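only geometry, no sequence info:
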RNA sequence: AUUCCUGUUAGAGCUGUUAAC
DNA sequence: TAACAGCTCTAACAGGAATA
RNA sequence: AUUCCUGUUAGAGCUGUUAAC
DNA sequence: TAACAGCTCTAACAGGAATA
Ligand SMILES: [Mg+2]
């Protein structure tokens, strides 16, 4: 059974689903696994008799692990990761002292090293929002239970073997959500973790689980068999006529590495008439997030704790401009709402198709798709005939900043509109390089008075500079002053970015003048750049950057006209 | 022992403090008390033997309660609120069926009617933030298992009679916080609630009470005795070296109504050398509220759940002004930061003292205490000699709105400053009534051209009106048009409030012209009031309310001058 | 307010020792008993319901060389239900170094 | 509306030197006081070795002699300080190799270079090292020279000789200072001498200088990637570097892989959690188990939801995490006014949006001018006329722009491989990028972690 | 590759917005 | 999955040297 | 008090800000 | 606890009648 099918199956019927999590989920919560736990005991055992400093060797070192394992093999102990080893080393270290064994197992799996991860904060959410009712976890850790306390703020009813009859009663009275530990909490005398204790099953829990099986279908994850008592309980549990209406999916992280016991149990279950399926869903943590992703109408209150990254942190406010102040190149566009034109097409259209129609027709208007057009209707009639046009109406953009941030098409459209507006009534030529727009001094009109201030900006030692011309050592390359103008969405504001550049008349032959572009820009220091930016502000706006609110409209003689207003003074902020 | 000394005593040493919550605290959690349970049982049984509709008659009715109690007394049952009644009615209704008894007690005290209040949440916060480590409460339903889990976000280890030896191990290994129920959860069969079960104590739990006695001191609340087993455990508990190291205060909501067993018990402890004290601190909720109030450096994360009212809800944002629009009387003061003068006094001063110095000296400046003065230094030198003045420096109010909102002295000072500024260069007279400032047309200069528009405002059917004069039937009362001008702090903004009024020249003789004030104001409808407000805006600002940002400074010829800027157009907002 | 150091000089610390006795298990080294005052001190500390919960451990350099009173007290504590033990280690300084 | 939030200029971070003296100018402090790690004897003496063809060994011995003797700065004299001689300035003798500590490259290297085979050329250069291998005890550092005739194999598609050599000799523990003719012939001499000498000291021993005012309880993490152009698609090889000041005096600067295949430079939940786990386990090993309290994860690209969730769930609640993204290319650029002759003071951070700030890692630096004291210096004056700031887009933090901005500024100055005053990016990002290049060239390096002195 | 990052020429990676399949 | 928009990065080259 | 809330004349109640005790 | 600032309320009176 494929993994996508498992997610669909767990979503169609998620209201009747027991979970079974034994020692596999604890790996990812920061809790040492049983394999790691064996090494911790071996480390203590070796350091104890052979008097060695505990600080001197770290157990996850390869050399120290090999040395300790060689020592263990020297005394005839089991060789490597073999059965009857974990219980063997426990009973060796603690020499049949179940109180000290319990205390150590509590300290190793204590509730201070546990850090819940998304897979854990998803199962508890499923418990609270009441899709899964029974979770049998063969883990003695205080997590999934801690996860429920964190996510909902309530107390979860955990059932250790210390009571051991509450689960049979609780499932029957439907006081969900139940979390019955088949091996019980470590806070109690009986832990049932050694191999001799792992051959028997508690009579009443056997019952709790059987009741759960008839009522729900089982999903077992992070479980690799190797336990005889749980395997025989599951085998008996299938014996029941309606064992899992919802089918049992054993989610292994890897089907290839799954033990043969799981596969033969699945085959036996299929032979007994149930629809048990084995699926490979990678890690439990990855799987839980996908199951949660497919969950519909998840409450916001619990989802604010399930996925803490979903909520937006670091909303740290900025201080006031009170009390040297950098002067950036950002002109704030205080326009909040604009009007655009919409055309309805009888057939669906593609933004590429509209772009090629722009290239062919070359109208005196702007258009984009989302089809929002800015300009005159007759231009659109030239672009689109009456047959393909259903209606032409109006569009209002109440929040320009949110609109451009949401859709990049709106960003490009508004950038093109403001660029056309700024260069509508001025002699400065408008070009494009890649996806950016450049306002460049024209070659012929370089002697204008409105450029003279710019001529002062580039001048050396206060004399008259040059604005346009030919490269010193180029055959045909022509150069001019220019400004790259862009639209930047910052927070909830829109700004115009101006950057002084040296435009080259041939587009593809810009690199041949690189040295010149370098040479002309070697000494454009803070004062010179300040002067050039002021001159460009004056050219583009017509007013000096003091207390100005110049307003510019694109296509003023058109029915659909956009009227922007940009402060003539660039952004500044005095130091604190 | 007075309650305040007990609070200091606890606050002095709350690190080492066991709590002993009885069934009284759960009284508020919304769970039915012992008497409520008894009345439910009688009503449940009375309706069945005598076939009566269960929902037809309620239980908290006085008549139905009396009728049911009379029926119960008819069959020879115990009379009224007497011992061996609660257990008697339980054993009568359930005829020795402990499973059904447990199920009913679970349903009555279930975790759906419980709504945690401040007391349980505060105790759970004390548990999490680790001041109190052991909470033994003779209750049943998990009001705290829930509440500490909700505020801390971490699961709580509850101990009961099903295991009952977990508490001693957890105490010995310092696995705090521990919450040991001396009578166990209702999910578990051991409930220990009938009188025959209430004579014995579990050996391991009883053992725990004595070991925990030496480690901490006990605070017992919501407990009224009447239990033999807990009383004898405490007496045994009292009978040990340093049984309560910090002492045990048996807190009761009322010392007068306390049972003699407690007072007998408190007197008994004192004879055994411990410092046990009985105090009255009101209800459990108020006690814990005060205890949390005295808690220092409480973490913000848990306190956001302890007191949900402390955080500010209902921060519902307001929409835009998009798309009839009311025109209020509020002029927005866009000034954000102002400069003031500060004088340092060699001796402490009182705001009343400064006010009387103002009354006597009558300087040409403003002063307030927080001493912030606005005006010229020589005026302050007239008010205060060199001997009492240490230094004179500057003060900056970066956020005017927050400053006026925080301190009402700042509100009054800024209101007076803006009033003086607005009437600095204008012939309109400035008066005060109560604490409201009035700008009134002067008597002599009533023929000014700047008043002619106002003359148009009051005119009838477009003719020339009257602005100042004498009352129709008053001996000496003189009347004039005026505007009450005030400062209003709204959110993060400051506004100027203008209200048209009819000023009367004698302050205390205003009522004699009331009819006239009524008669003149009978027909000042929306159009007329609009005209008067526009005329007053023109008079006070010199510019019509379109796109204006008139700026006014008070004491422009002074070293310490306040320069405010108020938009000339009142607040407006188009309908959505 | 730990850490605490108190010298018996053998009832001022007797109440404190009994209070200490319930809180944590005690280990006694470098002492052979032979003093009736501390003997009764410890015997009185044993009686309570939860006395020396972790255990009472007697560490002498040699088990057979210890005075009979120590073994008598160990047997009495074991009979009372406490988990007192008599373990043989080396010299107190060597024991602490190995710890 | 044109008045932005008030900025504050973080002052020039102080650098811990010889006898715990602090000076914000690295080279001036090195001349005046000496290396920070020279307080203890980590390098007893800097014993060198040469690996070059027989023809060009004279260049190696000549440059070593130049390191021995003092030199004066010719270019960029605004910043640089006169060399005082290796023995005088680093307080440790620089030992010229003897005959047996001076190897000769095989003549087959020339044939391979003529054949234009980079892999075989790197293999032959490494195989030439066996003569030095026996006397591995004999030579602390090795100066590998490459003649210009090998240029055809220096850099071409799907290959880089320097990274291949570094990855081949990293598991063999011998530091290597590659010398090209490029810096063998460069006009200014004090430039090359300062750079080579500081590199030699760092690779033989370590810690020429250490950043002062460094809380021992913060571990700084930087993730950076590189691209291997596969025939069918692409491979995004991302690696993570870590810096921290441990309880011991030796400031630590390491890097490591992140593991299989990645099609995008964004780590998934499991990979981010695994990398972060390795990071704080390394910190705990270097801090006897103590948990870090502040964690800074600098990434060149934005953290997805999975990365932020992995960060949140890998640590406990006691360790607040400062997830910050660094943007190099930005549209904004500032100009200081009082307009100033020199650009805006270095280190000014300007809060633009509640989560996005401008940091001026480039800009004028005060107090480090040699000639005409008091004049500001612009490090990148030759390259650019104005400083281009970077954008910090905080993805997770509790509060305080200053806390992360000052940390980034101090992390921009501890690149011992960098000759100049500072770096545009924190050392975490630059070392993660260098190791990403190394791993992309040699994929069989994911097993081990390496100190900075191997790859700088 | 003693260094530094300034540009050029390209491609990807993410987001999106449509059309689907 | 196929285009299209923006934002940002690296991958190869080239390249000159700190306010003149 | 069939109603309505417009004013007048007063006092409190909360918040604060100081000085204390 | 004593003043002082504002915001808001009720407690007693009085009082005239729906754009003229
Ligand atoms: Mg190097």
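That came in fine, so what should we check first? Numbers count the residues shown, from 1 in each chain, chains lettered A, B, ... in the order given.

roughly how far does the residue nearest to residue D:394 when sequence neighbours are not counted sit from residue D:404?
Counting by C-beta to C-beta, 6 or more residues apart in numbering or on different chains, residue A:314 is the residue found nearest to residue D:394 once chain neighbours are left out, at 4.5 Å. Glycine gets a C-beta too; all of them are placed from N, C-alpha and C. Computed as C-beta to C-beta, to the nearest Å, the residue A:314 to residue D:404 distance reads 10 Å.

same thing with residue A:67?
In this structure, residue A:67 lies at 43 Å from residue D:404, with C-beta to C-beta as the measure.

compare these two (neighbour count), which wins?
When residue A:67 and residue D:404 are compared for neighbours, residue D:404 comes out ahead with 22 against 14, by other C-beta atoms under 10 Å in any protein chain shown.

isn't that one up against residue D:320?
No - taking contact to mean C-beta atoms under 8 Å, the distance of 11.6 Å between residue D:404 and residue D:320 leaves them out of contact.

quick check: neighbours shared by the two?
Taking C-beta atoms under 8 Å, 6 or more residues apart in numbering or on different chains as the contact criterion, the common neighbours of residue D:404 and residue D:320 are residue D:397.

flag every residue of the stretch 301-450 of chain D that's near RNA strand E.
D:302, D:304, D:362, D:379-380, D:382-384, D:387-388, D:415, D:417-420, D:423-425, D:430 (C-beta under 7 Å from any atom of the strand).

any of these buried? List them.
Neighbour counting by 16 or more other C-beta atoms under 10 Å in any protein chain shown classes D:304, D:362, D:379-380, D:384, D:387-388, D:415, D:417-420, D:423-425, D:430 among these as buried.

ok so, going back, if I look at the residue nearest to residue D:394, how far off is DNA strand H?
According to C-beta to the nearest atom of the strand, to the nearest Å, residue A:314 stands 36 Å off from DNA strand H.

and the residue of the stretch 201-350 of chain D nearest RNA strand G?
Distances from the stretch 201-350 of chain D to RNA strand G, computed as C-beta to the nearest atom of the strand, single out residue D:320 as the nearest residue at 31.1 Å.

now do the same contact list for that residue.
Under the criterion of C-beta under 8 Å, 6+ apart, the contact list for residue D:320 reads D:293, D:294, D:295, D:397, D:398.

now it: how far from residue A:413?
42 Å.

do the same with residue D:375
From residue D:375 over to residue A:413 (counting by C-beta to C-beta), the distance is 48 Å.

between the two, who's got more neighbours?
More neighbours sit around residue A:413 than around the other of residue D:375 and residue A:413, counting by other C-beta under 10 Å; the figures are 25 against 13.

tell me what the helix or strand hosting that one is packed against?
Take DSSP states H and E as the rule and residue A:413 turns out to sit in helix A:408-422. Identification of packing neighbours for helix A:408-422 by 3 or more C-beta pairs under 8 Å, 6 or more residues apart in numbering or on different chains; DSSP states H and E yields strand A:366-368, strand A:372-374, helix A:400-406, strand A:436-440, strand A:478-490, strand A:551-554, strand A:562-565.

does the fifth one reach chain D?
Yes - contact of strand A:478-490 with chain D is found when judged by C-beta under 8 Å from any C-beta of the partner chain, involving A:486, A:488, A:490.

rewinding a little: common neighbours of residue A:314 and residue D:404, please.
Counting by C-beta under 8 Å, 6+ apart, the common neighbours of residue A:314 and residue D:404 are D:394, D:397.

what's the closest non-adjacent residue to the residue of the stretch 1-150 of chain A at minimum distance from DNA strand H?
Of all residues in the stretch 1-150 of chain A, the one sitting closest to DNA strand H is residue A:150 (41.3 Å; C-beta to the nearest atom of the strand). Spatially, and ignoring its direct neighbours in sequence, residue A:150 is nearest to residue B:153 (4.1 Å; C-beta to C-beta, 6+ apart).

for the one you found, grab the count of nearby residues.
Residue B:153 is surrounded by 21 other residues when neighbours are defined as other C-beta under 10 Å.

give me every residue that touches it.
Applying C-beta under 8 Å, 6+ apart, the residues contacting residue B:153 are A:149, A:150, A:153, A:305.

check residue D:238 too.
So residue D:238 contacts D:223, D:224, D:225, D:226, D:258, D:262, D:265, D:267, D:436 (C-beta under 8 Å, 6+ apart).

touching, the last one and residue D:239? I think so.
Pointing back at residue D:436 there. Yes - with contact defined as C-beta under 8 Å, residue D:436 reaches residue D:239; the gap is 4.7 Å.
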